[PDB]
Amino acid sequence: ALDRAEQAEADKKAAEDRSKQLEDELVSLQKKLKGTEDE
Amino acid sequence: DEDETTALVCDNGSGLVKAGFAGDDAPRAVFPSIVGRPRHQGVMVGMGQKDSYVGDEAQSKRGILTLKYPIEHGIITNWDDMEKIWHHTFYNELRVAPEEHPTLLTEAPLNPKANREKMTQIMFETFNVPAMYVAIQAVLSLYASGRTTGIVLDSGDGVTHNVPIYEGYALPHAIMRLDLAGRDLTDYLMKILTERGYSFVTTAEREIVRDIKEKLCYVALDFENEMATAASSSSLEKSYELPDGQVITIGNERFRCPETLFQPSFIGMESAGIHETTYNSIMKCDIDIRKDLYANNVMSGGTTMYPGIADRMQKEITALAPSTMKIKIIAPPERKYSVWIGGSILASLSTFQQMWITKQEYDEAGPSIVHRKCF
Amino acid sequence: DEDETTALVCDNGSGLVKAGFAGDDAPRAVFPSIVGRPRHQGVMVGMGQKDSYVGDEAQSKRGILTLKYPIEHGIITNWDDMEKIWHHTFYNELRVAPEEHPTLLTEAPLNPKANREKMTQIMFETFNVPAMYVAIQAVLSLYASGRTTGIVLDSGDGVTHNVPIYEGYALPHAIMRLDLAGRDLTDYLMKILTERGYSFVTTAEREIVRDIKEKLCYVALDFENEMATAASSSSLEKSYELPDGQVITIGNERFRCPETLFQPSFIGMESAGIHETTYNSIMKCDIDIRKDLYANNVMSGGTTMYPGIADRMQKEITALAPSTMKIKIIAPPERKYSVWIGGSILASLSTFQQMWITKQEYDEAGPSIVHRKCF
Ligand SMILES: Nc1ncnc2c1ncn2[C@@H]1O[C@H](COP(=O)(O)OP(=O)(O)O)[C@@H](O)[C@H]1O
Ligand SMILES: Nc1ncnc2c1ncn2[C@@H]1O[C@H](COP(=O)(O)OP(=O)(O)O)[C@@H](O)[C@H]1O
Ligand SMILES: [Mg+2]
Ligand SMILES: [Mg+2]
């Protein structure tokens with residue numbers, strides 16, 4: 001049970017890291033789009 | 001693994017080695033430029049007797065191995081580390097010998113003659129290579145950019161090069177190198193974090209905070225105003241979770257770390273900031289082409305992966321230069337690998353296959369004559 | 001007791017608090033930086049109900065009181081110990097209240113902002129003090145040295161600071177602190193004595209061996225040669241008489257204890273030795289003044305009371321730097337108190353009486369603004 005729990009937690013950490021990276025990239029992209037529209 | 005007799009493009013950039021075969025769009029073997037050496041002596045029996053770790057094998061173990069940087073500011077300190085990193089890249093990742101295909105290496109602008117002669121000698125005498133070629137990084141980066149005009153700003157890990165090229169024309173007299181880059185930024189962040197309260201004095205933590213910077217640290221759009229609004233922080237300060245689990249809290253320091261680039265006085269050096277040095281370089285060029293250099297400036301180097309550099313450059317140049325013309329700054333996507341990409345597209349031309357240097361002519365001429373032939 | 005309205009110079013150095021009135025040449029109240037806390041609970045009736053010992057009162061009884069260090073590496077761990085040591089120094093030795101004279105405190109270079117704001121707040125809000133001032137130790141030590149040029153090496157108990165000052169000018173960029181000092185040397189001597197055969201694991205014995213080191217341990221002029229000649233010992237090994245009476249026999253370990261400073265690898269840290277770090281700092285300075293830094297290097301800190309440091313520094317620097325110039329190292333007598341002495345001569349100037357920070361401006365501005373005003 002503990003082994004499966006640790007595996008699931010590792011996969012969850014990987015997925016959450018990917019999601020947070022994508023969110024950061026998305027907010028930066030929104031800022032860049034706003035700047036480009038102003039220009 | 002490879003069925004085409006084409007040169008192996010191995011960009012040995014400071015901080016990250018990027019090796020791969022010509023024709024590819026990205027390096028397959030990407031690993032930091034570090035060498036881990038066994039600190040203590042173990043009475044244990046069975047472990048690898050290998051006395052010199054390299055690459056990911058060293059990254060996986062940074063607590064036992066004392067870490068040494070194989071390159072500092074640009075000047076090669078230890079040549080054993082050089083032989084280690086090439087021998088490793090050849091007989092551990094690529095799984096190919098250098099005796100079957102050429103090798104297009106990329107070196108930094110304005111490097112010592114000893115460095116060039118040494119690497120060429122290790123690549124000819126020791127290893128049996130049919131042909132070698134040294135290339136400046138700025139030209140290949142401008143190639144990958146898909147243009148012939150502009151000033152390339154290559155910010156590696158320990159050196160920063162500003163190279164102006166207008167109409168494909170190099171300017172060896174204006175290339176000015178300054179040893180301000182990621183290592184001095186890591187040192188500044190480390191000393192200011194020691195000022196915050198979390199004190200460390202070992203290299204493993206230094207690499208960890210370097211990674212933290214690469215992931216989080218960004219450039220500020222207005223330094224003093226962000227300082228004022230961060231005095232009372234709310235969303236300006238962020239709580240990062242260390243890979244070990246310790247809860248670190250970092251606020252304004254982020255956007256004050258790269259600011260040292262714009263204010264070298266923080267490290268007590270009379271040198272001017274990267275933007276002011278680039279501006280001075282533009283005055284050193286001719287007036288006729290200055291507008292084109294303003295409109296075609298290109299960036300290179302891993303340090304440029306931070307968010308907010310383009311806007312900061314635009315405001316600083318607009319404040320320094322007139323605001324009558326148009327000063328557009330272009331940063332191609334995945335600029336860091338672009339240099340390497342250039343290498344690939346440079347190794348497929350037949351003419352470039354005719355501009356290599358074979359062993360025999362080098363042996364008779366000697367290394368110094370080879371330096372004259374290249375430039 | 002005091003008829004002159006002058007600031008009380010209280011050097012709260014790591015390991016030893018040195019307090020005294022301005023104008024004096026040596027601190028009158030010198031006591032270690034330790035706090036003894038009652039470990040058990042006694043059913044006895046009549047003893048002092050005091051729940052927090054300090055200074056000599058704790059030194060006199062180290063078997064009953066668990067000893068805690070109020071300062072670690074530089075960062076203040078517990079503030080109750082801070083309030084205890086100042087309240088004790090004020091209302092048990094000096095016999096004077098802080099409401100009648102200023103107070104010139106001395107803090108270590110590159111300390112956290114929390115430490116400074118905390119001490120300033122305890123010195124303004126809680127205690128009614130007309131004016132406070134924080135000062136770096138290196139400047140006052142250079143004052144007491146009677147010069148304006150050189151690199152001060154201050155080795156306290158848990159931190160070591162290298163501070164270059166040429167022609168009376170500070171260089172906040174180059175100051176690099178490293179937490180290698182007397183505590184890590186005491187730990188190394190303790191583990192090697194445990195290796196010898198006499199094993200202990202309590203703090204009282206740790207302080208005893210610290211005193212033994214202060215009295216006997218010296219620096220070697222040639223490590224490997226002394227190792228070889230000590231293999232067959234005769235006069236190289238000495239028999240010390242513990243204050244309790246147990247006959248201890250210590251041979252080479254003495255001159256191998258401070259050697260850990262020159263070889264941090266003994267404690268498994270990638271940091272460089274004090275001499276190599278100082279040398280690197282000299283390269284970080286400009287070339288023009290490097291010779292002057294070689295000719296005016298100054299030392300500070302209690303750890304420098306060992307015999308043989310000057311010669312070891314001279315040989316190591318001569319081996320590292322060229323041997324063409326002249327590299328004289330100057331160590332003023334009674335250097336440990338020199339810092340405090342500086343404080344005294346710094347508190348008598350009328351201009352310095354004009355550079356104090358009164359309560360009202362601090363209260364309106366707040367502590368953070370006070371940090372900006374000082375630097
Ligand atoms: N993904 C990234 N994000 C932020 N900074 C990076 C990244 N990759 C590398 N760097 C920084 O770039 C420097 C190394 O750049 P380098 O690999 O020499 O660039 P190039 O290969 O284009 O010359 C290091 O100081 C590192 O901190
Ligand atoms: N008389 C002495 N002999 C040898 N070492 C000493 C002596 N006095 C203090 N030390 C060492 O110096 C350290 C404390 O130095 P410190 O009092 O902070 O110097 P300073 O007051 O100049 O900053 C301790 O680790 C202690 O072992
Ligand atoms: Mg680069
Ligand atoms: Mg000291």
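Cβ coordinates were reconstructed from backbone atoms using ideal geometry, including for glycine residues, and neighbour counts include every protein chain displayed. Numbers and lists here come from the model and the stated rules, or from a named source; no laboratory instrument gave them.
Each residue in region B:35-87 was checked for being of a type in the set (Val, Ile, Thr) and in contact (Cβ under 8 Å) with a residue 40 or more places away in the chain, and 6 pass. Considering (1) closer than 22 Å to B:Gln137 by Cβ; (2) assigned to a strand (DSSP E or B), the lone condition that B:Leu67 does not fulfil carries the number (1).
Restricted to region B:237-328, the set of strands (runs of 3 or more DSSP E) holding at least 1 residues that are touching a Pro at 6+ places or on another chain (Cβ under 8 Å) and aliphatic (A, V, I, L, M) comprises B:298-300.
Scanning region C:96-140 for residues that are surrounded by 18 or more Cβ atoms within 10 Å (Cβ to Cβ) and of a type in the set (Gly, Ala, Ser) yields a count of 4. Only one of the numbered conditions (1) touching a residue at least 24 places away in the same chain (Cβ under 8 Å); (2) within 14 Å of chain B (Cβ to nearest Cβ); (3) out of contact with any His (no Cβ under 9 Å at 6 or more places or on another chain) is not met by C:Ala131, and that is (2).
Checking B:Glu237, B:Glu276, B:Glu316 one by one, the residue that is farther than 30 Å from B:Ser60 by Cα and in contact with a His (Cβ under 9 Å, 6 or more places away or on another chain) is B:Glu316 and no other.
For region B:8-58, filtered to residues that are more than 14 Å from every other protein chain (Cβ to nearest Cβ) and either within 16 Å of ligand 2 (Cβ to nearest atom) or among the β-branched types (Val, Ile, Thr) (or both), the residue that is surrounded by the most Cβ atoms within 10 Å (Cβ to Cβ) is B:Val9. For region C:282-295, the criterion of being free of Cβ contacts under 8 Å to residues at least 24 places away in the same chain and surrounded by 15 or more Cβ atoms within 10 Å (Cβ to Cβ) is met by at least one residue. The set of residues from region C:135-151 being more than 14 Å from chain B (Cβ to nearest Cβ), away from ligand 2 (no atom under 14 Å from the Cβ) and either free of Cβ contacts under 8 Å to residues at least 60 places away in the same chain or not basic (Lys, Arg) (or both) comprises C:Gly146, C:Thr148, C:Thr149, C:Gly150.
Only one of the listed residues (C:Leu236, C:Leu261) is among the hydrophobic types (A, V, I, L, M, F, W, C), surrounded by 14 or more Cβ atoms within 10 Å (Cβ to Cβ) and free of Cβ contacts under 8 Å to residues at least 40 places away in the same chain. That residue is C:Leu236. For region B:170-180, the candidate set comprises residues that are in a loop (DSSP other than H, G, I, E, B) and within 9 Å of B:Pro109 (Cβ to Cβ); within that set, the residue that is farthest from ligand 3 (Cβ to nearest atom) is B:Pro172.
Has region B:337-345 got at least one residue that is part of a helix (DSSP H, G or I), aromatic (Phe, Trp, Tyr) and without any contact (Cβ under 8 Å) to a residue 40 or more places away in the chain? The answer is no; no qualifying residue exists. Considering the conditions (1) more than 16 Å from ligand 2 (Cβ to nearest atom); (2) within 14 Å of chain B (Cβ to nearest Cβ), C:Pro109 is excluded by exactly one of them, (1). Taking the conditions (1) assigned to a loop (DSSP other than H, G, I, E, B); (2) assigned by CATH to the domain that holds B:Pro130; (3) not charged (D, E, K, R) in turn, B:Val43 satisfies each one other than (2). Scanning region C:9-40 for residues that are under 11 Å from the mean Cα position of the chain (by Cα) and on the phi > 0 side of the Ramachandran plot turns up just one, C:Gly15.
Of the residues making up region B:262-294, those that are within 14 Å of chain C (Cβ to nearest Cβ), touching a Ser or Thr at 6+ places or on another chain (Cβ under 9 Å) and hydrophobic (A, V, I, L, M, F, W, C) are B:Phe266, B:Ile267. Filtered by the rule that a residue be away from every other protein chain (no Cβ under 12 Å) and either surrounded by fewer than 20 Cβ atoms within 10 Å (Cβ to Cβ) or aromatic (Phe, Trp, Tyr) (or both), region B:187-211 gives B:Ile208, B:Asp211.
In the condition set (1) surrounded by 15 or more Cβ atoms within 10 Å (Cβ to Cβ); (2) within 14 Å of chain C (Cβ to nearest Cβ), B:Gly63 is compliant with all but (1).
Restricted to strands (runs of 3 or more DSSP E) entirely inside region B:71-169, those with at least 1 residues that are polar (S, T, N, Q) and assigned by CATH to the domain that holds B:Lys291 are B:150-155, B:160-165.
Looking at B:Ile75 and the list (1) surrounded by fewer than 19 Cβ atoms within 10 Å (Cβ to Cβ); (2) more than 16 Å from the chain's Cα centre (by Cα), which single condition is not satisfied? Of (1) surrounded by fewer than 19 Cβ atoms within 10 Å (Cβ to Cβ); (2) more than 16 Å from the chain's Cα centre (by Cα), only one is false for B:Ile75: (2). When the residues of region C:152-171 are filtered to those that are away from ligand 2 (no atom under 16 Å from the Cβ) and in contact (Cβ under 8 Å) with a residue 40 or more places away in the chain, the one that is farthest from the other protein chains (Cβ to nearest Cβ) is C:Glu167. With respect to being surrounded by 20 or more Cβ atoms within 10 Å (Cβ to Cβ), among the hydrophobic types (A, V, I, L, M, F, W, C) and either within 14 Å of chain A (Cβ to nearest Cβ) or over 23 Å from B:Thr186 (Cβ atoms) (or both), B:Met325 falls outside the description.
Can B:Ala220 be described as surrounded by 20 or more Cβ atoms within 10 Å (Cβ to Cβ), under 25 Å from B:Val163 (Cβ atoms) and away from chain C (no Cβ under 14 Å)? Criteria not met by B:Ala220. Does C:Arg210 qualify as being free of Cβ contacts under 8 Å to residues at least 40 places away in the same chain and not hydrophobic (A, V, I, L, M, F, W, C)? Answer is yes for this residue. Residues of region C:66-76 that are among the charged types (D, E, K, R) and more than 14 Å from chain B (Cβ to nearest Cβ): C:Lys68 alone.
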